[PDB]
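Engineer: Structure: protein.pdb, PDB, C-alpha atoms and all ligand atoms.
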MODEL        1
ATOM      1  CA  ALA A   1      82.171 103.059 160.547  1.00  0.00           C
ATOM      2  CA  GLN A   2      78.579 102.494 161.762  1.00  0.00           C
ATOM      3  CA  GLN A   3      76.008 103.749 159.208  1.00  0.00           C
ATOM      4  CA  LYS A   4      72.208 103.614 158.930  1.00  0.00           C
ATOM      5  CA  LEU A   5      70.752 102.237 155.672  1.00  0.00           C
ATOM      6  CA  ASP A   6      68.359 104.783 154.148  1.00  0.00           C
ATOM      7  CA  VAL A   7      66.057 104.275 151.172  1.00  0.00           C
ATOM      8  CA  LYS A   8      63.881 106.040 148.632  1.00  0.00           C
ATOM      9  CA  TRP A   9      61.125 103.800 147.279  1.00  0.00           C
ATOM     10  CA  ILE A  10      60.450 103.550 143.554  1.00  0.00           C
ATOM     11  CA  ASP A  11      56.851 102.351 143.210  1.00  0.00           C
ATOM     12  CA  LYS A  12      54.737 102.888 140.090  1.00  0.00           C
ATOM     13  CA  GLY A  13      52.343  99.931 140.562  1.00  0.00           C
ATOM     14  CA  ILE A  14      54.453  98.064 137.985  1.00  0.00           C
ATOM     15  CA  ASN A  15      56.028  94.620 138.199  1.00  0.00           C
ATOM     16  CA  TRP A  16      59.587  95.718 137.384  1.00  0.00           C
ATOM     17  CA  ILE A  17      61.003  92.200 136.912  1.00  0.00           C
ATOM     18  CA  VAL A  18      60.350  88.536 137.549  1.00  0.00           C
ATOM     19  CA  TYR A  19      63.768  87.080 138.423  1.00  0.00           C
ATOM     20  CA  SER A  20      65.661  84.210 140.027  1.00  0.00           C
ATOM     21  CA  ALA A  21      68.898  84.361 142.031  1.00  0.00           C
ATOM     22  CA  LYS A  22      70.158  81.485 144.236  1.00  0.00           C
ATOM     23  CA  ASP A  23      67.274  80.064 146.404  1.00  0.00           C
ATOM     24  CA  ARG A  24      65.075  83.067 145.457  1.00  0.00           C
ATOM     25  CA  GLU A  25      63.121  81.716 142.450  1.00  0.00           C
ATOM     26  CA  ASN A  26      60.549  83.579 140.294  1.00  0.00           C
ATOM     27  CA  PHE A  27      60.376  86.567 142.658  1.00  0.00           C
ATOM     28  CA  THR A  28      58.187  89.486 141.532  1.00  0.00           C
ATOM     29  CA  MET A  29      59.622  92.936 142.283  1.00  0.00           C
ATOM     30  CA  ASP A  30      56.725  95.398 142.201  1.00  0.00           C
ATOM     31  CA  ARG A  31      58.787  98.168 143.835  1.00  0.00           C
ATOM     32  CA  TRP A  32      62.459  99.108 144.038  1.00  0.00           C
ATOM     33  CA  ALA A  33      64.689 100.241 146.891  1.00  0.00           C
ATOM     34  CA  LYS A  34      67.060 103.039 145.926  1.00  0.00           C
ATOM     35  CA  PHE A  35      69.618 102.683 148.713  1.00  0.00           C
ATOM     36  CA  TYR A  36      71.527 105.532 150.358  1.00  0.00           C
ATOM     37  CA  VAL A  37      74.283 105.226 152.982  1.00  0.00           C
ATOM     38  CA  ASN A  38      75.408 108.494 154.607  1.00  0.00           C
ATOM     39  CA  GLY A  39      74.217 110.477 151.566  1.00  0.00           C
ATOM     40  CA  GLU A  40      75.922 108.204 148.999  1.00  0.00           C
ATOM     41  CA  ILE A  41      74.208 106.007 146.410  1.00  0.00           C
ATOM     42  CA  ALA A  42      74.415 102.298 147.269  1.00  0.00           C
ATOM     43  CA  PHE A  43      73.436  99.043 145.546  1.00  0.00           C
ATOM     44  CA  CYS A  44      72.347  95.641 146.822  1.00  0.00           C
ATOM     45  CA  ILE A  45      75.092  93.055 146.177  1.00  0.00           C
ATOM     46  CA  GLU A  46      73.245  89.887 147.241  1.00  0.00           C
ATOM     47  CA  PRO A  47      70.237  89.572 144.857  1.00  0.00           C
ATOM     48  CA  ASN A  48      68.655  86.684 146.874  1.00  0.00           C
ATOM     49  CA  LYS A  49      68.161  88.705 150.126  1.00  0.00           C
ATOM     50  CA  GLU A  50      66.069  91.508 151.616  1.00  0.00           C
ATOM     51  CA  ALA A  51      67.897  94.590 152.955  1.00  0.00           C
ATOM     52  CA  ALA A  52      67.475  95.772 156.586  1.00  0.00           C
ATOM     53  CA  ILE A  53      66.135  99.290 155.949  1.00  0.00           C
ATOM     54  CA  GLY A  54      66.625 101.707 158.862  1.00  0.00           C
ATOM     55  CA  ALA A  55      69.126  99.441 160.652  1.00  0.00           C
ATOM     56  CA  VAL A  56      72.702 100.216 161.666  1.00  0.00           C
ATOM     57  CA  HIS A  57      75.205  98.465 159.355  1.00  0.00           C
ATOM     58  CA  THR A  58      78.950  98.000 159.800  1.00  0.00           C
ATOM     59  CA  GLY A  59      81.176  99.227 156.957  1.00  0.00           C
ATOM     60  CA  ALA A  60      84.076  97.014 155.867  1.00  0.00           C
ATOM     61  CA  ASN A  61      86.196  97.058 152.685  1.00  0.00           C
ATOM     62  CA  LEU A  62      84.579  95.433 149.611  1.00  0.00           C
ATOM     63  CA  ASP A  63      87.307  92.734 149.412  1.00  0.00           C
ATOM     64  CA  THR A  64      85.856  90.988 152.530  1.00  0.00           C
ATOM     65  CA  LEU A  65      82.915  89.876 150.339  1.00  0.00           C
ATOM     66  CA  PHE A  66      84.607  89.451 146.914  1.00  0.00           C
ATOM     67  CA  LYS A  67      88.158  88.120 146.519  1.00  0.00           C
ATOM     68  CA  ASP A  68      88.275  88.515 142.702  1.00  0.00           C
ATOM     69  CA  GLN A  69      89.673  91.987 141.893  1.00  0.00           C
ATOM     70  CA  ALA A  70      88.376  92.051 138.284  1.00  0.00           C
ATOM     71  CA  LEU A  71      84.852  91.581 139.689  1.00  0.00           C
ATOM     72  CA  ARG A  72      85.419  94.272 142.367  1.00  0.00           C
ATOM     73  CA  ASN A  73      86.693  96.584 139.610  1.00  0.00           C
ATOM     74  CA  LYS A  74      83.753  95.818 137.318  1.00  0.00           C
ATOM     75  CA  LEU A  75      81.178  96.361 140.102  1.00  0.00           C
ATOM     76  CA  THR A  76      82.629  99.838 140.816  1.00  0.00           C
ATOM     77  CA  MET A  77      82.761 100.619 137.057  1.00  0.00           C
ATOM     78  CA  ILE A  78      79.106  99.716 136.660  1.00  0.00           C
ATOM     79  CA  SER A  79      78.143 101.749 139.734  1.00  0.00           C
ATOM     80  CA  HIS A  80      80.236 104.742 138.619  1.00  0.00           C
ATOM     81  CA  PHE A  81      79.448 104.977 134.889  1.00  0.00           C
ATOM     82  CA  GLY A  82      75.964 103.457 135.191  1.00  0.00           C
ATOM     83  CA  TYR A  83      74.535 105.836 137.758  1.00  0.00           C
ATOM     84  CA  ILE A  84      76.747 108.029 139.964  1.00  0.00           C
ATOM     85  CA  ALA A  85      78.642 109.808 137.157  1.00  0.00           C
ATOM     86  CA  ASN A  86      75.822 109.274 134.618  1.00  0.00           C
ATOM     87  CA  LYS A  87      73.937 112.210 133.042  1.00  0.00           C
ATOM     88  CA  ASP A  88      70.640 110.316 133.502  1.00  0.00           C
ATOM     89  CA  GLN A  89      69.716 110.123 137.223  1.00  0.00           C
ATOM     90  CA  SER A  90      66.274 108.575 136.549  1.00  0.00           C
ATOM     91  CA  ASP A  91      64.769 105.776 138.623  1.00  0.00           C
ATOM     92  CA  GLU A  92      65.030 103.693 135.438  1.00  0.00           C
ATOM     93  CA  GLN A  93      68.841 104.243 135.216  1.00  0.00           C
ATOM     94  CA  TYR A  94      69.314 103.358 138.889  1.00  0.00           C
ATOM     95  CA  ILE A  95      67.258 100.183 138.392  1.00  0.00           C
ATOM     96  CA  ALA A  96      69.151  99.280 135.190  1.00  0.00           C
ATOM     97  CA  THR A  97      72.467  99.787 136.993  1.00  0.00           C
ATOM     98  CA  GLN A  98      71.313  97.635 139.949  1.00  0.00           C
ATOM     99  CA  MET A  99      70.084  95.001 137.483  1.00  0.00           C
ATOM    100  CA  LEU A 100      73.421  94.941 135.640  1.00  0.00           C
ATOM    101  CA  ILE A 101      75.325  94.632 138.943  1.00  0.00           C
ATOM    102  CA  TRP A 102      73.005  91.730 139.785  1.00  0.00           C
ATOM    103  CA  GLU A 103      73.718  90.004 136.426  1.00  0.00           C
ATOM    104  CA  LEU A 104      77.358  89.679 137.546  1.00  0.00           C
ATOM    105  CA  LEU A 105      76.272  88.206 140.907  1.00  0.00           C
ATOM    106  CA  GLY A 106      74.044  85.435 139.453  1.00  0.00           C
ATOM    107  CA  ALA A 107      70.630  87.055 138.847  1.00  0.00           C
ATOM    108  CA  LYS A 108      68.633  85.799 135.833  1.00  0.00           C
ATOM    109  CA  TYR A 109      65.675  87.777 134.418  1.00  0.00           C
ATOM    110  CA  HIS A 110      62.630  85.924 133.074  1.00  0.00           C
ATOM    111  CA  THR A 111      60.482  89.054 132.545  1.00  0.00           C
ATOM    112  CA  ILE A 112      61.529  92.709 132.260  1.00  0.00           C
ATOM    113  CA  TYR A 113      59.161  95.705 132.166  1.00  0.00           C
ATOM    114  CA  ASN A 114      59.480  97.194 128.646  1.00  0.00           C
ATOM    115  CA  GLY A 115      59.407 100.749 130.055  1.00  0.00           C
ATOM    116  CA  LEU A 116      62.877 100.214 131.570  1.00  0.00           C
ATOM    117  CA  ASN A 117      64.436 100.257 128.095  1.00  0.00           C
ATOM    118  CA  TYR A 118      66.832  97.769 129.719  1.00  0.00           C
ATOM    119  CA  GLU A 119      68.816  96.428 126.776  1.00  0.00           C
ATOM    120  CA  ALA A 120      69.621  99.957 125.510  1.00  0.00           C
ATOM    121  CA  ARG A 121      70.494 101.193 129.032  1.00  0.00           C
ATOM    122  CA  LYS A 122      72.716  98.144 129.673  1.00  0.00           C
ATOM    123  CA  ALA A 123      74.494  98.493 126.295  1.00  0.00           C
ATOM    124  CA  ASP A 124      75.441 102.157 126.907  1.00  0.00           C
ATOM    125  CA  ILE A 125      76.879 101.195 130.339  1.00  0.00           C
ATOM    126  CA  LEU A 126      78.996  98.331 128.951  1.00  0.00           C
ATOM    127  CA  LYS A 127      80.272 100.688 126.196  1.00  0.00           C
ATOM    128  CA  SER A 128      81.341 103.233 128.858  1.00  0.00           C
ATOM    129  CA  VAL A 129      83.089 100.517 130.924  1.00  0.00           C
ATOM    130  CA  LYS A 130      84.873  99.021 127.880  1.00  0.00           C
ATOM    131  CA  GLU A 131      86.042 102.479 126.699  1.00  0.00           C
ATOM    132  CA  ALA A 132      87.528 103.188 130.172  1.00  0.00           C
ATOM    133  CA  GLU A 133      90.100 100.394 129.567  1.00  0.00           C
ATOM    134  CA  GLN A 134      91.562 102.352 126.621  1.00  0.00           C
ATOM    135  CA  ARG A 135      94.730 104.390 127.191  1.00  0.00           C
ATOM    136  CA  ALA A 136      96.462 107.210 125.306  1.00  0.00           C
ATOM    137  CA  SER A 137      99.076 106.322 122.656  1.00  0.00           C
ATOM    138  CA  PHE A 138     101.787 107.955 124.825  1.00  0.00           C
ATOM    139  CA  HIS A 139     100.746 105.939 127.939  1.00  0.00           C
ATOM    140  CA  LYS A 140     103.761 104.956 130.098  1.00  0.00           C
ATOM    141  CA  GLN A 141     106.222 106.727 127.735  1.00  0.00           C
ATOM    142  CA  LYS A 142     109.126 108.986 128.692  1.00  0.00           C
ATOM    143  CA  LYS A 143     109.568 112.115 126.554  1.00  0.00           C
ATOM    144  CA  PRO A 144     112.351 114.728 126.735  1.00  0.00           C
ATOM    145  CA  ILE A 145     111.335 118.387 127.083  1.00  0.00           C
ATOM    146  CA  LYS A 146     113.489 121.514 127.527  1.00  0.00           C
ATOM    147  CA  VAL A 147     112.653 124.040 130.257  1.00  0.00           C
ATOM    148  CA  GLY A 148     110.672 126.953 128.794  1.00  0.00           C
ATOM    149  CA  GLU A 149     109.749 125.282 125.489  1.00  0.00           C
ATOM    150  CA  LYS A 150     106.070 124.398 125.103  1.00  0.00           C
ATOM    151  CA  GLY A 151     105.584 120.756 124.031  1.00  0.00           C
ATOM    152  CA  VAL A 152     102.655 119.156 122.196  1.00  0.00           C
ATOM    153  CA  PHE A 153     101.904 115.422 122.417  1.00  0.00           C
ATOM    154  CA  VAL A 154      99.276 113.858 120.171  1.00  0.00           C
ATOM    155  CA  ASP A 155      97.141 110.961 121.396  1.00  0.00           C
ATOM    156  CA  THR A 156      96.679 108.816 118.258  1.00  0.00           C
ATOM    157  CA  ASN A 157      94.303 106.503 120.256  1.00  0.00           C
ATOM    158  CA  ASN A 158      91.637 109.296 120.359  1.00  0.00           C
ATOM    159  CA  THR A 159      90.975 109.079 124.142  1.00  0.00           C
ATOM    160  CA  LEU A 160      91.607 112.596 125.524  1.00  0.00           C
ATOM    161  CA  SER A 161      87.909 113.664 125.403  1.00  0.00           C
ATOM    162  CA  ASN A 162      87.227 111.171 128.289  1.00  0.00           C
ATOM    163  CA  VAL A 163      89.753 112.916 130.630  1.00  0.00           C
ATOM    164  CA  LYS A 164      88.057 114.403 133.727  1.00  0.00           C
ATOM    165  CA  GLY A 165      91.154 115.555 135.632  1.00  0.00           C
ATOM    166  CA  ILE A 166      94.864 116.269 135.263  1.00  0.00           C
ATOM    167  CA  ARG A 167      97.524 115.860 137.979  1.00  0.00           C
ATOM    168  CA  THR A 168     100.896 117.525 137.530  1.00  0.00           C
ATOM    169  CA  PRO A 169     103.800 118.185 139.874  1.00  0.00           C
ATOM    170  CA  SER A 170     104.724 121.784 140.715  1.00  0.00           C
ATOM    171  CA  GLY A 171     106.466 123.608 137.839  1.00  0.00           C
ATOM    172  CA  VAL A 172     104.522 121.706 135.139  1.00  0.00           C
ATOM    173  CA  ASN A 173     101.506 123.097 133.253  1.00  0.00           C
ATOM    174  CA  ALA A 174      99.381 120.622 131.311  1.00  0.00           C
ATOM    175  CA  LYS A 175      96.235 121.306 129.259  1.00  0.00           C
ATOM    176  CA  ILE A 176      94.179 119.247 126.783  1.00  0.00           C
ATOM    177  CA  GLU A 177      92.987 120.611 123.411  1.00  0.00           C
ATOM    178  CA  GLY A 178      91.187 117.962 121.313  1.00  0.00           C
ATOM    179  CA  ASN A 179      93.635 115.043 121.008  1.00  0.00           C
ATOM    180  CA  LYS A 180      96.688 117.161 121.918  1.00  0.00           C
ATOM    181  CA  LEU A 181      98.338 117.312 125.349  1.00  0.00           C
ATOM    182  CA  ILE A 182      99.867 120.807 125.656  1.00  0.00           C
ATOM    183  CA  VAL A 183     102.758 120.937 128.139  1.00  0.00           C
ATOM    184  CA  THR A 184     105.263 123.416 129.527  1.00  0.00           C
ATOM    185  CA  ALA A 185     107.744 122.730 132.353  1.00  0.00           C
ATOM    186  CA  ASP A 186     109.930 125.231 134.241  1.00  0.00           C
ATOM    187  CA  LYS A 187     113.050 124.957 136.485  1.00  0.00           C
ATOM    188  CA  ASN A 188     110.930 124.022 139.543  1.00  0.00           C
ATOM    189  CA  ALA A 189     109.810 120.860 137.722  1.00  0.00           C
ATOM    190  CA  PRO A 190     111.511 117.711 139.005  1.00  0.00           C
ATOM    191  CA  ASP A 191     113.862 115.946 136.561  1.00  0.00           C
ATOM    192  CA  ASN A 192     111.306 113.191 135.940  1.00  0.00           C
ATOM    193  CA  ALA A 193     107.855 114.819 136.023  1.00  0.00           C
ATOM    194  CA  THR A 194     104.800 112.577 135.595  1.00  0.00           C
ATOM    195  CA  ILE A 195     101.505 113.922 134.213  1.00  0.00           C
ATOM    196  CA  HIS A 196      98.346 111.884 134.985  1.00  0.00           C
ATOM    197  CA  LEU A 197      95.237 112.149 132.790  1.00  0.00           C
ATOM    198  CA  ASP A 198      92.438 110.706 134.960  1.00  0.00           C
ATOM    199  CA  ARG A 199      89.156 109.254 133.710  1.00  0.00           C
ATOM    200  CA  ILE A 200      87.743 109.235 137.283  1.00  0.00           C
ATOM    201  CA  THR A 201      88.129 112.081 139.818  1.00  0.00           C
ATOM    202  CA  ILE A 202      85.849 110.795 142.648  1.00  0.00           C
ATOM    203  CA  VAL A 203      88.158 107.974 143.672  1.00  0.00           C
ATOM    204  CA  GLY A 204      87.771 106.198 147.015  1.00  0.00           C
ATOM    205  CA  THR A 205      87.693 102.886 148.847  1.00  0.00           C
ATOM    206  CA  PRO A 206      84.618 100.735 148.107  1.00  0.00           C
ATOM    207  CA  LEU A 207      82.762  99.598 151.226  1.00  0.00           C
ATOM    208  CA  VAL A 208      80.385  96.726 151.962  1.00  0.00           C
ATOM    209  CA  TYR A 209      77.743  97.261 154.651  1.00  0.00           C
ATOM    210  CA  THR A 210      76.363  94.350 156.667  1.00  0.00           C
ATOM    211  CA  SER A 211      73.529  94.074 159.200  1.00  0.00           C
ATOM    212  CA  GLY A 212      73.028  90.532 160.553  1.00  0.00           C
ATOM    213  CA  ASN A 213      71.868  88.042 157.894  1.00  0.00           C
ATOM    214  CA  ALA A 214      70.212  90.781 155.769  1.00  0.00           C
ATOM    215  CA  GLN A 215      71.252  91.788 152.252  1.00  0.00           C
ATOM    216  CA  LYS A 216      74.739  93.245 152.026  1.00  0.00           C
ATOM    217  CA  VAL A 217      74.837  96.725 150.475  1.00  0.00           C
ATOM    218  CA  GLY A 218      77.751  98.234 148.562  1.00  0.00           C
ATOM    219  CA  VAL A 219      78.921 101.810 148.301  1.00  0.00           C
ATOM    220  CA  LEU A 220      80.873 100.803 145.225  1.00  0.00           C
ATOM    221  CA  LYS A 221      83.469 103.568 144.970  1.00  0.00           C
ATOM    222  CA  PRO A 222      86.023 103.285 142.161  1.00  0.00           C
ATOM    223  CA  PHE A 223      89.540 102.905 143.625  1.00  0.00           C
ATOM    224  CA  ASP A 224      91.555 103.591 140.445  1.00  0.00           C
ATOM    225  CA  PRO A 225      91.574 106.895 138.520  1.00  0.00           C
ATOM    226  CA  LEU A 226      92.257 104.890 135.297  1.00  0.00           C
ATOM    227  CA  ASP A 227      94.829 107.436 134.131  1.00  0.00           C
ATOM    228  CA  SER A 228      96.870 107.614 130.992  1.00  0.00           C
ATOM    229  CA  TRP A 229     100.256 108.925 132.138  1.00  0.00           C
ATOM    230  CA  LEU A 230     103.365 110.397 130.584  1.00  0.00           C
ATOM    231  CA  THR A 231     106.720 111.121 132.230  1.00  0.00           C
ATOM    232  CA  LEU A 232     108.630 114.207 131.082  1.00  0.00           C
ATOM    233  CA  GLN A 233     112.432 114.148 131.271  1.00  0.00           C
ATOM    234  CA  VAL A 234     112.989 117.831 132.064  1.00  0.00           C
ATOM    235  CA  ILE A 235     116.212 119.132 130.462  1.00  0.00           C
ATOM    236  CA  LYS A 236     117.705 121.968 132.544  1.00  0.00           C
ATOM    237  CA  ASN A 237     120.797 123.026 130.540  1.00  0.00           C
TER     238      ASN A 237
HETATM  239 ZN    ZN B 301      54.555 102.481 147.114  1.00  0.00          ZN
HETATM  240 ZN    ZN B 302      55.647  94.523 146.719  1.00  0.00          ZN
ENDMDL
END
Translate the structure of the given file into structure tokens.

Structural biologist:
Amino acid sequence: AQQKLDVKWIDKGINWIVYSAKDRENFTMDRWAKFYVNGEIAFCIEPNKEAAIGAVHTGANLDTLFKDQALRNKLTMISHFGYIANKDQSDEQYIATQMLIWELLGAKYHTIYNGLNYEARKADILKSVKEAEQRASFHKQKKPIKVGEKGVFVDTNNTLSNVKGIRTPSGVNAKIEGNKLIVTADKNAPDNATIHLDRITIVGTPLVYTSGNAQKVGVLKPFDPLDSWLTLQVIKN
């Protein structure tokens, strides 16, 4: 509930950006706060304010700050694919992710340090977020399957390589091989057995952290596994 805001400073003697956001006009950022809250990577979500480093914040659900769910979704997508689940953990990626989050909350960049490689970093993030909307060709379908008999289901949308986890009820085995979902169900399987193919396996509730009038900080956890799913109608006979 009550959490201290920690930081790691990114300072290379470089003006990272010259930006404007709300009342804050033509502000030069010559260092960057990489925020942590209780071990977890956080982002500033009010680009016109300074954060209260070292102070006790109160955690509340992200919806207290932002009503619009599509925005809340997008902010968690950018956090997730941009940095937390990204292969590149560099200071530059963190900054790019923070900067992209800030673009959605009204920040405008007049100057950007060329060494960020910002446009290329941003583009790869938006591609990852857009691809996460795509679902398998068998998404939401019901398919009959006899107990014992191994079934194969082809995803003609070419999305199964993005699957990070598989949930199945007891008595159902489900594996991925290329664009094929390989399935077998036994007598312990329920009559309608749903397989979930998750894109995200570190799902949680996104929190906003507030200390006084200082900058609000988000632990922007994705709250949806973004699964393609398929329901098997298990034939007992
Ligand atoms: Zn320094
Ligand atoms: Zn400074």

Engineer: Which protein, DNA or RNA residues have an atom within 12 Å of ligand ZN 302 (chain B), counting all atoms listed in the file, as a PDB file with C-alpha atoms, keeping the file's coordinate frame?

Structural biologist:
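Final file, result_39.pdb:
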ATOM      1  CA  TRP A   9      61.125 103.800 147.279  1.00  0.00           C
ATOM      2  CA  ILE A  10      60.450 103.550 143.554  1.00  0.00           C
ATOM      3  CA  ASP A  11      56.851 102.351 143.210  1.00  0.00           C
ATOM      4  CA  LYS A  12      54.737 102.888 140.090  1.00  0.00           C
ATOM      5  CA  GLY A  13      52.343  99.931 140.562  1.00  0.00           C
ATOM      6  CA  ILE A  14      54.453  98.064 137.985  1.00  0.00           C
ATOM      7  CA  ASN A  15      56.028  94.620 138.199  1.00  0.00           C
ATOM      8  CA  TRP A  16      59.587  95.718 137.384  1.00  0.00           C
ATOM      9  CA  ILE A  17      61.003  92.200 136.912  1.00  0.00           C
ATOM     10  CA  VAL A  18      60.350  88.536 137.549  1.00  0.00           C
ATOM     11  CA  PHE A  27      60.376  86.567 142.658  1.00  0.00           C
ATOM     12  CA  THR A  28      58.187  89.486 141.532  1.00  0.00           C
ATOM     13  CA  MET A  29      59.622  92.936 142.283  1.00  0.00           C
ATOM     14  CA  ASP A  30      56.725  95.398 142.201  1.00  0.00           C
ATOM     15  CA  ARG A  31      58.787  98.168 143.835  1.00  0.00           C
ATOM     16  CA  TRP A  32      62.459  99.108 144.038  1.00  0.00           C
ATOM     17  CA  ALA A  33      64.689 100.241 146.891  1.00  0.00           C
ATOM     18  CA  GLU A  50      66.069  91.508 151.616  1.00  0.00           C
TER      19      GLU A  50
END

Engineer: Hey, what's within 12 Å of residue 103 of chain A if we count only C-alpha atoms and toss same-chain stuff fewer than 3 positions away? As a ChimeraX atom specification, please?

Structural biologist: /A:19-21,44-47,71,74-75,78,96-100,106-109,122

Engineer: I'd like the interatomic distance between atom CA of residue 38 of chain A and atom CA of residue 62 of chain A, to a tenth of an Å.

Structural biologist: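 Atom CA of residue 38 of chain A sits 16.7 Å away from atom CA of residue 62 of chain A.
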
Engineer: For a test of reading the model, state the distance in Å between atom CA of residue 57 of chain A and atom CA of residue 82 of chain A, rounded to one decimal.

Structural biologist: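 Between atom CA of residue 57 of chain A and atom CA of residue 82 of chain A the gap works out to 24.7 Å.
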
Engineer: Convert the output of the PyMOL selection byres (((chain A and resi 124-132) around 8) and not hetatm) on the shown file into explicit residues, formatted as a PyMOL selection string.

Structural biologist: chain A and resi 74+77-78+81-82+120-123+133-135+199+226

Engineer: In Å, how far is it from atom CA of residue 143 of chain A to atom CA of residue 231 of chain A?

Structural biologist: 6.4 Å

Engineer: Mind checking which residues fall within 6 Å of segment 149-155 of chain A, counting all atoms listed in the file, ignoring those fewer than 6 positions away in the same chain, and posting them as a list in words?

Structural biologist: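 In the requested form, the answer reads residues 136, 137, 179, 180, 181, 182, 183 and 184 of chain A.
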
Engineer: Find the residue from A:209, A:35, A:113, A:138 that sits nearest to residue 63 of chain A; use only C-alpha atoms when measuring.

Structural biologist: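 Selected residue with least distance to residue 63 of chain A: A:209.
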
Engineer: Got a sec: who's within 8 Å of residue 211 of chain A, counting all atoms listed in the file, leaving out chain neighbours fewer than 6 positions off, as a PyMOL selection string?

Structural biologist: chain A and resi 52+55-58

Engineer: Hey, which of A:70, A:116, A:5, A:207 ends up closest to residue 93 of chain A? Count all atoms listed in the file.

Structural biologist: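 Closest residue, counting all atoms listed in the file: A:116.
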
Engineer: If I put a ball of radius 12 Å at (106.0, 124.0, 130.0) in the file's coordinates, which residues poke into it when counting all atoms listed in the file, written as a PyMOL selection string?

Structural biologist: chain A and resi 144-152+168-175+181-189+193+195+232-235

Engineer: Would you kindly return, as a tab-separated table (two decimals) with C-alpha atoms, keeping the file's coordinate frame, each protein, DNA or RNA residue with an atom no farther than 7 Å from any atom of residue 229 of chain A, considering all atoms listed in the file and excluding same-chain residues fewer than 6 positions away?

Structural biologist:
chain	number	residue	atom	x	y	z
A	139	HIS	CA	100.75	105.94	127.94
A	140	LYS	CA	103.76	104.96	130.10
A	194	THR	CA	104.80	112.58	135.60
A	195	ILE	CA	101.50	113.92	134.21
A	196	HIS	CA	98.35	111.88	134.99
A	197	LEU	CA	95.24	112.15	132.79
